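We give structure tokens for two forms of one protein chain below, kept apart as structure 1 and structure 2.
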Structure 1
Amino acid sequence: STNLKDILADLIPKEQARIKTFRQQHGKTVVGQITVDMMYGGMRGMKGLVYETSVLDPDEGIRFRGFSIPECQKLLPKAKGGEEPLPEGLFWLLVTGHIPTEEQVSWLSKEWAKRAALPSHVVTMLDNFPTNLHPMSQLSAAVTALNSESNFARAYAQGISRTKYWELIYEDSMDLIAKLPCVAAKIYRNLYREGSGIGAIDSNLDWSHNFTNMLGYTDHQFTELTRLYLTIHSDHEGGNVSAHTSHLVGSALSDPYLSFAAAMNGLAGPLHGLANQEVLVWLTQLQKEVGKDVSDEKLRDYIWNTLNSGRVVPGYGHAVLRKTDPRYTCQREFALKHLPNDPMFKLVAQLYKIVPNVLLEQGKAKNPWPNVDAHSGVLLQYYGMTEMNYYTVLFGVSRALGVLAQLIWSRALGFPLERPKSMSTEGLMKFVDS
């Protein structure tokens, strides 16, 4: 009825047949070549794996189970007196493949408040983390340690059946998602609020609202932001470092805690989730070289000076997207409504006028348009969330929705250990010299 696990149980066999048939027809269809450059170039262009929950077209950006970002904004339930879609609804869409009702989302909000409790060892561990240990490290470390509560771990130990794996994944996933805000808040409050307490969960709030509550914020429009932020960062194909990592570690039948932890270590990398900060540093240091109110003239110079001395315009470019990211567009549209005269935004805005002419002028690139991380920083900063180094953690909490949604399906569809073949250069040389 409103029980996602019952709804999913009834979906899994249907999907299994469709897939089993599909491989019994076209298993041996070559879909791509592999060049030496692909092997040295990080599988660039390589169709490597199956990821069901979302798909990224290099022209119009991401689709969540078929639906674009605007479509999700319209259809997905909202909070009473809201206009941004709830992450709960997004998760439902990724798990079921179908847009949820108000009442399904409501029940999901209720389920995640119940399971939001932390074991004590985890609370102590966070309390005893120094202030020079990066937020993301604390996140990953804490999630790893949560694995002692894992149903899948003990289940597997007793010799549970393969047919039942997805069920324990599910429970572990619902528990992890529920507890993430709490972990993320504790970290945030220990690092930036003199260790004060996160308080209690409220069973009649949504996931996002409890999160902002535990953080210490009490702004409506912030909570709307969080809602949107968490939705649009949730998933981005299987090929991204953090999704690939969760998939890779998941395929060894590691439980959701270990898989997600690993994915966070992936997300923590500069070329992945840490781009959110990079942008805001480069934005502020820009507003240091110039004033805080640069026009277009000086602006055109600073861009070119960054692009002659041998540097990158941050939050611009992508590994497959070749147009403006719909995630950027979406964050921009939010700003046009709520904070249109913000100095930092209008700087962001001004770069969107100038940078996508000078990057496709100079060449030495492929995607001259912005990505999601070019925009998130200024939104957070507007609302008092000024601690750059915490920003990726917000990313982390969002991306759990997507990667856990996928992991449930991987273990229901019995995806096996990811285990490609590697080559040395030496060995590569002899191979081509057949």
Structure 2
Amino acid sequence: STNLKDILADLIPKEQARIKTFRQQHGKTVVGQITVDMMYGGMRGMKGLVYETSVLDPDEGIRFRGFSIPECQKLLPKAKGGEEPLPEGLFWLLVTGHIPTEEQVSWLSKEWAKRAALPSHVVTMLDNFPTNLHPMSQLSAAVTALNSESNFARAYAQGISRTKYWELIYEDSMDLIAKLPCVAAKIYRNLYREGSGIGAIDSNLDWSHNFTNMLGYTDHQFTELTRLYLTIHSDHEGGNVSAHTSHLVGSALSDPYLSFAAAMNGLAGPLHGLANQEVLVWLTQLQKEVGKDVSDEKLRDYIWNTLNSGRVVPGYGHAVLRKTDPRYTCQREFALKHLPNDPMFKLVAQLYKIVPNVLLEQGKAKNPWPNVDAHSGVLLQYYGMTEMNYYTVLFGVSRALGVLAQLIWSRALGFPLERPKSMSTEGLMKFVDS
């Protein structure tokens, strides 16, 4: 009823049969060609893995189990007296395919409070890390260390049936999601607040509010932004580096802690997780010359004096998108309601007219619209979260929801080891002659 685990248990047989029917109809059907260029080009355009939780709709954005972001904002439970989707509900949806009821989210909230405790060895390890060790490295190291708590790893050693893998994966995943805020908040407080303590979990708060409590914030609107932020960054298909890493490492039957920590190492990469900070450095830098008020000359110069120089207007491209990311619109509506008078937001609102001066003149992007990362930093900074090195941790905590919801399903559905074939250049040259 409220126990997500039993609801999952009832869903899994239906999904297994649906896949079995489809593979029996179409297993041998060709869905794509592989070219030499796709192998050299990081598998671009190659349909390579199944990933159930989210799908990129080319005209409406990311859908979560079919629901668009605006749909999730309408339908998902909010905290009482609040406007923003609770990330608990998002997880419920990713796991079940169903929009939760208020009571389901409430149950899930209390489940994560109960499982939140950190083992002292992780606490010690985090307390001992130096300030020159990047927050994302701290996050990945601590999650790896948490695998001492893995129920899945122990049960596998004792020869548990394949038919039960999903159960222990579920337990580990809920445990991990529950702990993430505590870990994330210890990192923040140790780096940016002189090692002061995270305080206690409250058995009756939502995940996001426990999170902002432990970070040391007390600002309803900040907690509301966190709720929205954790919801919208949660999943973005399977092919992104963090999701795919988790998928790949998970397919070797590494437990959720190891799979997630590997993912965070992937997220830590500059071409994945650093877009947020780039933008905010640029915007801050833009109020060097501009001051508070300007024009498109101001803008198109760099726009052309940068895009035609070599670099970019940060936060106006993607790897497969094609329209104003709903993830941006999300934050914009947020900012228009709650901080209309903020200079930087105002600048960001100004940039949303100009840089879309159809930058297709150069023809180099195939995307003249702002992505998620264009809006995120200003909002964080407004609420007093200024330590940009930390922003990708927030992204990580969010992404946990997506990749763990899929990990449960990968094991439920008996997905095998990911093991493609590689070739050398020499090898490929000989293969093509024949």
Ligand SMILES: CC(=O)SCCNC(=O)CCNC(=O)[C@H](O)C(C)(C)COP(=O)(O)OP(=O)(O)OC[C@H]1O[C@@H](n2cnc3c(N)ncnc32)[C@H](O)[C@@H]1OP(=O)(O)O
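Just so we're on the same page, residue numbers count up from 1 along structure 1's sequence. By rigid core we mean the largest C-alpha set that fits within 1.5 Å across both forms.
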Open item on the list: Can you tell me whether structure 1 or structure 2 is the form deposited without acetyl coenzyme *A?
Closed with: 2
Task: Shifted position (C-alpha, 2 Å or more, core held fixed) between structures 1 and 2, chosen from 96, 147, 190, 350 - done: 350
Open item on the list: If the two forms are fitted on the core, does residue 359 show a Cα displacement reaching 2 angstroms between structures 1 and 2?
Closed with: yes
- [ ] Establish whether a shift of 2 Å or more occurs at the C-alpha of residue 221 between structures 1 and 2, with the two forms superposed on the rigid core.
- [x] no
Task: Core fit, then residue 119 C-alpha moves 2 Å or more between structures 1 and 2 - done: no
- [ ] Would you mind giving the Cα movement of residue 294 between structures 1 and 2 in Å, after fitting on the rigid core?
- [x] 3.6
- [ ] Could you tell me how many Å the Cα atom of residue 317 shifts between structures 1 and 2 when the rigid core is held superposed?
- [x] 0.8
Task: Shift in Å of the C-alpha at residue 21 between structures 1 and 2 after core superposition - done: 1.0
